[PDB]
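This report refers to the structure that appears directly beneath it.
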Amino acid sequence: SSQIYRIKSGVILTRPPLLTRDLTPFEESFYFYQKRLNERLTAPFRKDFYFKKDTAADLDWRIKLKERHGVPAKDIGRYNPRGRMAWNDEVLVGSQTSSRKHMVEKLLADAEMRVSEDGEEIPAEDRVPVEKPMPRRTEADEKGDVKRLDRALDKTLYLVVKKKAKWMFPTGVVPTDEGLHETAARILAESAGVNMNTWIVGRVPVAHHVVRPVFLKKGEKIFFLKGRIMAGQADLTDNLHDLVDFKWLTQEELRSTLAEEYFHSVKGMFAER
Amino acid sequence: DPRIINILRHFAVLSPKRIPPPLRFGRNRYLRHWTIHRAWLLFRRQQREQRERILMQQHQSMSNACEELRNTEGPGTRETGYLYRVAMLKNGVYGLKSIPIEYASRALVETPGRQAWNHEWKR
Amino acid sequence: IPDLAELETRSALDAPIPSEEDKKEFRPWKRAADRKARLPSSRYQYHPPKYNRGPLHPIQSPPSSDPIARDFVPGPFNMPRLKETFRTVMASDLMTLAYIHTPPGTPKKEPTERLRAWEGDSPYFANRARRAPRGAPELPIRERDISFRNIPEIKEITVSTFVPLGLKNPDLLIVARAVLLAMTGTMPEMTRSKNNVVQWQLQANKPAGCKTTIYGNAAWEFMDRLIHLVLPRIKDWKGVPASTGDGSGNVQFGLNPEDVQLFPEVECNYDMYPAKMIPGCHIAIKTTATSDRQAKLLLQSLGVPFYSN
Amino acid sequence: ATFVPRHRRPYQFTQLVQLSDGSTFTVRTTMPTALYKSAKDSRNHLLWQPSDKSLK
Amino acid sequence: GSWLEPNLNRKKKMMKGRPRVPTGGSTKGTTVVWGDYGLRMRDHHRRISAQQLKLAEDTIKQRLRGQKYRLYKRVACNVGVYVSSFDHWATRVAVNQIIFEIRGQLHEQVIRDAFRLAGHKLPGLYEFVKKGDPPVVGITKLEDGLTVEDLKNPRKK
RNA sequence: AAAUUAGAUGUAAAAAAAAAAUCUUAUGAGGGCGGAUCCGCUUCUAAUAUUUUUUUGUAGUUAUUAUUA
RNA sequence: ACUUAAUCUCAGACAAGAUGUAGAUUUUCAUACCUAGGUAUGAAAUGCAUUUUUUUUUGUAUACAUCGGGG
Ligand SMILES: NC(=O)c1ccc[n+]([C@@H]2O[C@H](COP(=O)([O-])OP(=O)(O)OC[C@H]3O[C@@H](n4cnc5c(N)ncnc54)[C@H](O)[C@@H]3O)[C@@H](O)[C@H]2O)c1
Ligand SMILES: [Mg+2]
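Residue numbers (the numbering used here), protein chains in the order written: chain A, -1 to 271; chain B, 83 to 205; chain C, 66 to 374; chain D, 6 to 61; chain E, 160 to 316.
Printed below as a string of structure tokens:
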């Protein structure tokens, strides 16, 4: 009278992307196109509304404004909404001006102060550059460490674990006392430790895998929950379950490591990035 | 009074008579803008259909697992569908502490910070 | 194939990308200079009418999409980081957090008629007027479940400023109008008082404030500045009250005058406004949600801390 | 004859917002400043980071 | 207001009117709806004043004092009687209509004495009514299977 | 208690074809018969309305699951 | 029915879950084991209580269905 299926509760702990997706070429060209159209339809910029005349800020703005040829904006290049040559607002192919690297360069070349508090222009050699932004690709990206959470900041990572060998997600047998959401939380603590800040989405399963019974052997009905890790790293030390290694993989690398049937069941939960 | 005049000068510029006039494009420019307009709307469709496709697939996966879970029995001497009935409960889902503030508050940023991820976090 | 033959053979979308040599000789600035003349104007000189007389008038107005149209607004300039964040990651969660599985062959629910009719054997019941809404005088909207087809999102935000003292000092309304200009980036519309109170010196039908409504991306960017740059800087701030909500999915709260100057747009030019003329504003966040709990859940998904009122 | 009102919008710029964590994103604002360095924000407030001990 | 003093204006004068004389089969007010026993006006239709109904209530209270009972009033004085300016509030009652109702841990004979004494203070002739007895269509009780359609049927002999 | 603002119903939008019946209308067949159009009788077609009537079809597209190659 | 004057009744139900308890000491499930079953340690099933109308109990069906003062 033994049960035919063994109910298991698993947790798919995922690290959401930490950076916005890279803009497509059309998106960059479109923004620049619309930004220049905004010049022809928005009111002019009144410097008197932001800078008091004859001050360090005013004089500093005026010098840099002269370098931009009167354009109060810093990411639209050189374009005059008025005049006989306002019609030529469409850049030619290859225009670096519409690239994002050029926008960040100009905007950061403007945050530096060019005039001291006395109203005298700071020498070009004695000007302090501003701290440039961090690179999108971290050291792990170049190193290729699959055990780091800083890798592939523009994609979602999945915590995959090996058991003494087949790669899979943290899973375990569901006891009669606890439920699915309570069982998953316990397995995660016993598998990866309690040093990770995790939030289980809720009580509903996002994916399930059924290993039919061999008439004999008992079938497995695995229900996989979805989890989010705010901070921390997985530690397999002193784990109760026979876990050997752990690695954080993307959706592309995931299909290569996991089996076809095991992957076909958990691919519906995937997201865009 | 002088500061107020500075404020009025800002509104005087936004007056309907002062603001720029409606654009005046020729045929070739107008046709070029039409393609830029046409493509952008189609591009949104592809992003929309793509975003909606993933949302549909995820819902199907939940429904499959839930429908299957409802038919199962156990563990042990537990009536069929006990786990399905327990999973549908929404205790604290609409409460104040439902979703952790830290997880939601963190957002996507164009470039990472000084420390992209903190592995030293302790319970 | 005959179907393919019916297509336009002279397809311009299938033309090769321009070369580099021809790209070097394309100089719109040189063409105009060399001509030293004004090109003849085209006979097509239609301009959008200032007034729409009606649908059958000989001269019609173009759709607002058309650039020549007087209602045209430049398209998007960037992707709000909060609109991207919510859709990419948060959306999948809210659908997962709030989900009720419907059996495969569940019969569709038939919505009941909220304005009841009289049914019975009395001859009078036939022509009786439809019964009043049971309970409240106005019918409340029914909640929609959070499904893959209905994910609550932010739609528009209305910032309303009420300045009773302006009636006496007209300079309070001018400064108030400027603050909401830089804070939101739109032209506020002045508002008028509606009630007469002698104790508060309030007179009816006089300009006593202004308001603004920002839609689309501009609304998302406004939330970013509020949740991550303005609200965190408020001293001893507890959070949005847990009682906020009109019962239809709209959240409202009020900011003090000292927190309105914490806005990045207001502080940079804080010296351009006369002293103690900065007003307080009422921010009403309108969302696509259909209930107060769904709205509060949405704001909680965007990093909005709520405190027990 | 209903009038077609024309939008009255002020000049807008593209601004880089560098939070206290060093992360930088782009925004559309009306202020003329190019880079807004934010020393205090949700990433450095205890109410938004209750588990952080450095700020505690 | 109350059942003896309505929330109406005394200045606004009313016309005399006439009590309801149902000539179409109505039986409104002729049955005990709440209490266990009632007081029926069984002779003719009148206009009772607020001073006559207050004395009737005081009579019942005096007889049943110190006992547990619940007295319901099935009439209201919403008719301003003006005796030349306002004079008093009155109520129009049809024939065979209940005036009072009572229910409690009392003996039936003790209630009869109460309603009997109250039928002397009020004008006209009154009758002790129990709960469950048939209604009255005009001056005819619908008893012994009698229906309201048999009274409307021209053929009765 | 009394100031402004924002709210406060639900549904639909690929597409139907076909059979007879009950009237009613028609400056429809210039219908037929009595006295082209008037009037009284009138069959047939058409249209609207009505039936719960007689049914047939309810796809395509995106994705999921199941079998099949 | 709408409006007018009085008066009466009601303001709340189920399913699931959860919470404990006396039990019976059977089976299944999970562990410490032994040698795949029993040896045990637990859980559940089990019977009435207990919590359920906006609650730190969700859902369904409903007008979420009620407020101050005085004793
Ligand atoms: N608008 C439509 O044509 C349309 C058609 C079918 C369905 N819908 C439904 O309407 C709802 C919203 O429509 P949507 O999907 O088109 O939303 P959307 O996000 O694509 O558009 C909303 C606003 O964001 C802007 N926007 C969109 N993508 C952007 C980008 N990559 N960068 C910068 N700005 C961008 C748009 O200009 C628009 O003002 C959805 O539920 C959708 O299913 C809309
Ligand atoms: Mg008498």
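Every residue, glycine too, gets a C-beta built ideally from N, C-alpha and C.
On the three-state DSSP scale, how would you describe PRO23 of chain A?
helix
Applying a beta-carbon distance threshold of less than 7 Å, which residues of chain A neighbour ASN200 of chain B?
For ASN200 of chain B, the chain A residues whose C-beta falls within less than 7 Å of its own C-beta are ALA229, listed in chain order.
What are the boundary residues of the beta strand (DSSP E) that includes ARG262 of chain E?
256 to 263
Flag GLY281 of chain C as yes when its Cβ comes closer than 7 Å to any non-hydrogen atom of ligand 1, and as no otherwise.
yes
By DSSP's criteria, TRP53 of chain D is part of a beta bridge. Which residues make up the other side?
Under DSSP, no beta-bridge partner is assigned to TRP53 of chain D.
What number of angstroms, rounded off, separates the C-alpha of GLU254 of chain C from the C-alpha of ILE239 of chain C?
12 Å
Just checking my contact of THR189 of chain E with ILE257 of chain E at CB under 8 Å: how many whole Å lie between their CB atoms?
7 Å
Does chain D have any CB closer than 8 Å to the CB of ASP108 of chain A?
So, interface residue.
Quick one, what's near ligand 2 if you take every residue whose CB is closer than 6 Å to any heavy atom, in chain order?
The answer, residue by residue, is E:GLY278, E:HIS279, E:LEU281, E:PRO282, E:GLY283.
Using 8 Å for Cβ pairs, my map puts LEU327 of chain C next to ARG298 of chain C. What's the rounded Cβ distance?
Yes, they are in contact, since the Cβ atoms of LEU327 of chain C and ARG298 of chain C sit about 5 Å apart, within 8 Å.
Find out if the Cβ-Cβ distance for the pair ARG98 of chain A, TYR185 of chain B is shorter than 8 Å.
no
What residues from the segment 12 to 41 of chain A come within 7 Å of chain B, judged by C-beta to C-beta, listed N to C?
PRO15, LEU16, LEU17, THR18, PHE24, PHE28, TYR31, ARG38, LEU39, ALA41
Pair every Cβ in the segment 203 to 212 of chain E with every Cβ in the segment 243 to 255 of chain E, then say whether three or more of these pairs are closer than 8 Å.
yes
Who are the near neighbours of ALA273 of chain C in its chain, counting only those whose CB is closer than 7 Å to its CB and skipping five residues on each side?
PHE227, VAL228, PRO229, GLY231, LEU232, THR256, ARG257, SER258
Are the CB atoms of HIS262 of chain A and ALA147 of chain B within a distance shorter than 8 Å?
No, they are not a contact pair.
Which of the residues in the segment 117 to 129 of chain C, read from start to end, lie with their CB under 7 Å from any CB of chain B?
Going along the segment 117 to 129 of chain C in chain order, one finds no residue with a Cβ nearer than 7 Å to chain B.
Candidates E:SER185, E:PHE259, E:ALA253: which alpha carbon is nearest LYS289 of chain E's?
E:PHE259
State the Cα-Cα distance for the pair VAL126 of chain A and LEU106 of chain A, rounded to the nearest angstrom.
12 Å
By DSSP, does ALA41 of chain A sit in helix, in strand, or in coil?
coil
Taking C-beta to C-beta, are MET267 of chain A and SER145 of chain B nearer than 8 Å?
no
For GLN20 of chain D, list the residues DSSP reports as bridge partners.
Bridge partners of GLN20 of chain D: D:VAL32.
Report yes if the C-beta of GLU134 of chain B is less than 7 Å from at least one heavy atom of ligand 1; otherwise report no.
yes
Quick check: the Cα distance between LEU60 of chain D and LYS148 of chain C, rounded to an integer number of angstroms?
29 Å
On a Cα-Cα basis, can you pick out the residue from B:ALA189, B:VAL191, B:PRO182, B:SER187 that is closest to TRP197 of chain A?
B:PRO182
So which residues on chain B does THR150 of chain C lean against when the C-beta distance must stay under 7 Å?
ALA189, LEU190
Only counting runs of 3 or more residues, tell me where the beta strand (DSSP E) segments fall wholly within the segment 145 to 232 of chain C, in order along the chain.
219 to 227
Can you find a CB in chain D that lies within less than 8 Å of the CB of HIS347 of chain C?
no
Is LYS276 of chain C near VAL224 of chain C, with beta carbons less than 8 Å apart?
yes
Any Cβ of chain D within less than 8 Å of the Cβ of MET101 of chain A?
yes
Nearest chain C C-beta to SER47 of chain D closer than 8 Å, yes or no?
yes
Nearest to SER47 of chain D by alpha carbon, out of C:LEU362, C:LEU363, C:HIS293, C:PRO370?
C:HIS293
Between the Cα of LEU178 of chain A and those of A:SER189, A:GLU188, A:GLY200, spot the shortest distance and give me the residue it belongs to.
A:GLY200
So, with DSSP's three-state summary, where would you put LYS99 of chain A?
helix
In this structure, how does DSSP classify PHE245 of chain E when only helix, strand and coil are distinguished?
strand
Could you check whether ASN143 of chain C and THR31 of chain D sit closer than 8 Å to each other, using their CB atoms as the reference points?
yes
Who does residue 283 of chain A pair with in a DSSP beta bridge?
Nothing in the structure corresponds to residue 283 of chain A, since chain A is present only between -1 and 271.
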